[PDB]
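Engineer: this one's sequence-less:
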Ligand SMILES: NS(=O)(=O)c1c(F)c(F)c(S(=O)(=O)CCO)c(NC2CCCCCCC2)c1F
């Protein structure tokens with residue numbers, strides 16, 4: 001089964017998921033010189049309710065915070081999107097060392113980690129699972145993390161990691177302030193792409209924020225002690241969980257800002 005180890009990692013995913021070499025795969029390199037500002041993008045609207053957060057779990061591939069999404073309390077609108085995309089989950093990608101770990105790379109710059117906020121088109125589709133199979137089904141906000149002063153807004157997450165050390169563990173997680181994990185500017189890049197994990201479906205409108213947030217080295221290290229293995233199984237550590245950028249293959253990246 002797929003992961004980020006030598007014999008199950010990204011270079012092998014095409015073996016079971018040949019859309020891995022598709023034309024709209026993510027993540028990507030953003031070459032700013034080539035990006036065009038687009039004045040037709042609407043203001044980005046983020047309404048998030050802390051009570052929408054329900055559980056945090058270790059999926060084996062990251063931690064996932066899952067939200068109650070039968071309600072429009074927490075939704076992403078505006079920007080490049082038509083309609084209301086309901087918040088579903090939040091997770092994080094990192095590498096085995098602090099100098100690289102983000103999935104998107106900007107003018108050859110990698111950050112230490114990248115948070116993803118996954119939303120789905122509940123104005124058109126019946127469920128997140130369904131919406132993952134349509135082109136306009138998903139919208140994912142990416143936020144880079146750079147090494148800097150520790151980030152107090154990550155404490156609710158970091159405090160839970162020992163409780164979810166093994167794959168499959170879950171813990172009650174509500175009253176989560178997601179909005180405060182976002183940087184003060186929301187200027188972004190946007191392009192059509194895919195999930196960055198199997199099944200790699202090409203159903204995502206990416207919205208990648210330019211401004212990073214901080215994380216300290218000590219805080220980032222706590223994520224690498226999560227296991228990709230379940231209880232009662234020989235331990236392996238989730239020290240890296242980022243897919244490398246894939247080629248643009250003709251797509252253009254748009255900017256929210258000039
Ligand atoms: N990196 S990603 O944003 O493209 C993404 C999704 F968009 C996404 F929807 C998911 S999913 O997990 O919610 C199932 C999609 O059908 C994951 N998840 C992966 C990494 C984080 C751990 C939990 C999900 C299992 C793989 C995921 F990584």
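Structural biologist: Received it, and whenever you're ready, just let me know what you need. Numbering: from 1, shown residues only.

Engineer: Which positions in stretch 85-103 come out as buried?
Structural biologist: For stretch 85-103, burial by neighbour count (16 or more other Cβ atoms under 10 Å) applies to 85-95, 98, 100-103. Backbone N, C-alpha and C define where each C-beta goes, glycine included.

Engineer: now for the residues you listed, which pair is the farthest apart?
Structural biologist: Maximum pairwise distance among the buried residues of stretch 85-103 (Cβ to Cβ): 33.5 Å, between 86 and 98.

Engineer: ok, and of the buried residues of stretch 85-103, which contact the ligand?
Structural biologist: Among the buried residues of stretch 85-103, the residues lying close to the ligand (Cβ under 6 Å from any ligand atom) are 89, 91.

Engineer: close enough to count as contact, residue 29 and residue 246?
Structural biologist: No: Residue 29 is not in contact with residue 246 according to Cβ atoms under 8 Å; the separation is 9.1 Å.

Engineer: if you count what's nearby, which of these two comes out ahead?
Structural biologist: Comparing residue 29 with residue 246 by other Cβ atoms under 10 Å, the one with more neighbours is residue 246, at 21 against 16.

Engineer: The more buried one - nearest residue in space that isn't next to it in sequence?
Structural biologist: Leaving aside its chain neighbours, residue 246 sits nearest to residue 25 (3.8 Å; criterion: Cβ to Cβ, 6 or more residues apart in numbering).

Engineer: Report the separation between the one you found and residue 92.
Structural biologist: With distances taken as Cβ to Cβ, to the nearest Å, residue 25 is found 20 Å from residue 92.

Engineer: Repeat that for residue 24.
Structural biologist: 23 Å.

Engineer: before we move on, the earlier item: can you get me a residue count around the residue nearest to residue 246?
Structural biologist: So residue 25, with other Cβ under 10 Å, has 22 neighbours.

Engineer: list the contacts for it?
Structural biologist: Shown in contact with residue 25 (Cβ atoms under 8 Å, 6 or more residues apart in numbering): 19, 193-194, 200, 202, 246-247.

Engineer: And those, which of them are buried?
Structural biologist: 19, 193-194, 200, 202, 246.

Engineer: can you redo the residues you listed as a markdown table with secondary structure?
Structural biologist: Listed next are these as a markdown table, based on DSSP: H, G, I helix; E, B strand; the rest coil:
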| residue | secondary structure |
| --- | --- |
| 19 | helix |
| 193 | strand |
| 194 | coil |
| 200 | coil |
| 202 | coil |
| 246 | coil |
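
Engineer: List, out of those residues, those positioned next to the ligand.
Structural biologist: Among these, not one lies near the ligand by Cβ under 6 Å from any ligand atom.

Engineer: between these, which is nearest residue 36?
Structural biologist: Nearest to residue 36 out of the buried ones among the contacts of residue 25 is residue 193 (Cβ to Cβ; 17.4 Å).
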